[PDB]
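Participant: piece number one of the complex, untouched:
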Amino acid sequence: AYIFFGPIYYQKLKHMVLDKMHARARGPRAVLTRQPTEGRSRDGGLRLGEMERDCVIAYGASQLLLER
């Protein structure tokens, strides 16, 4: 097939992966801390909300509840 070729002015944004990789093993002050620039963007985080508690009820798993 003939393939549509040509130049486009692209642009690189913010929001790289290097400052969003956030992880936590045990205890406070997590070991993989992202850069502290949220700015009205608290999208839950490393939590387990009531909407996600209702999903594992639908599977019927009773010991994953006590583990998590």
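Facilitator: Structure received. Residues are numbered from 1 along each chain as shown, chains lettered A, B, ... in the order given.
Participant: now the residue nearest the centre of chain A: how far from residue A:14?
Facilitator: The centroid of chain A falls nearest to residue A:45 when counting by C-alpha atoms, centre = their mean (7.0 Å). To residue A:14, residue A:45 is 19 Å away according to C-beta to C-beta, to the nearest Å. The way it works is simple: take the backbone N, C-alpha and C, and place the C-beta from them, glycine included.
Participant: Then residue A:56?
Facilitator: On the measure of C-beta to C-beta, residue A:56 and residue A:14 end up 35 Å apart.
Participant: higher neighbour count, those two?
Facilitator: Neighbour count, other C-beta atoms under 10 Å: between residue A:56 and residue A:14, residue A:56 has more, with 14 against 6.
Participant: What helix or strand is that one located in?
Facilitator: helix A:50-59 (DSSP states H and E).
Participant: let's bring in chain B now:
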Amino acid sequence: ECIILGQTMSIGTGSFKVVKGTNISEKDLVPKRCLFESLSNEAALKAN
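Facilitator: Placed with the earlier chains, chain B looks like this:
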């Protein structure tokens, strides 16, 4: 109120119990006995 107290729920996976069989016979669960109460039984109701 089982997720608040940390109890196992009675629906889904915790709707039953599993138990393990001992698989022992009644030949080993015997009241083993050889001349224990024979001394005290005869000399307790004779002529009295």
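Participant: So which elements touch the helix holding residue A:56?
Facilitator: helix A:63-67 (3 or more C-beta pairs under 8 Å, 6 or more residues apart in numbering or on different chains; DSSP states H and E).
Participant: Which other helices and strands does the helix it packs on contact?
Facilitator: The contact analysis (3+ C-beta pairs under 8 Å, 6+ apart) places helix A:63-67 against helix A:50-59.
Participant: what's the helix it packs on in contact with?
Facilitator: Residues from elsewhere that reach helix A:50-59 (C-beta atoms under 8 Å, 6 or more residues apart in numbering or on different chains): A:64-65, A:68, B:3, B:9, B:11-12.
Participant: Using CSV, list the CA coordinates for it.
Facilitator: Coordinates of the C-alpha atoms in helix A:50-59 are reproduced here as CSV (Å, rounded to 0.1, in the frame of the first residue of the first chain):
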residue,chain,number,x,y,z
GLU,A,50,-14.6,1.4,48.5
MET,A,51,-15.1,0.9,44.8
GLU,A,52,-12.2,-1.6,44.7
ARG,A,53,-13.4,-3.4,47.9
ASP,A,54,-16.7,-4.1,46.1
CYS,A,55,-14.9,-5.7,43.1
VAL,A,56,-13.4,-8.5,45.2
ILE,A,57,-16.7,-9.2,46.9
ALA,A,58,-18.0,-9.9,43.4
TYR,A,59,-15.3,-12.5,42.8
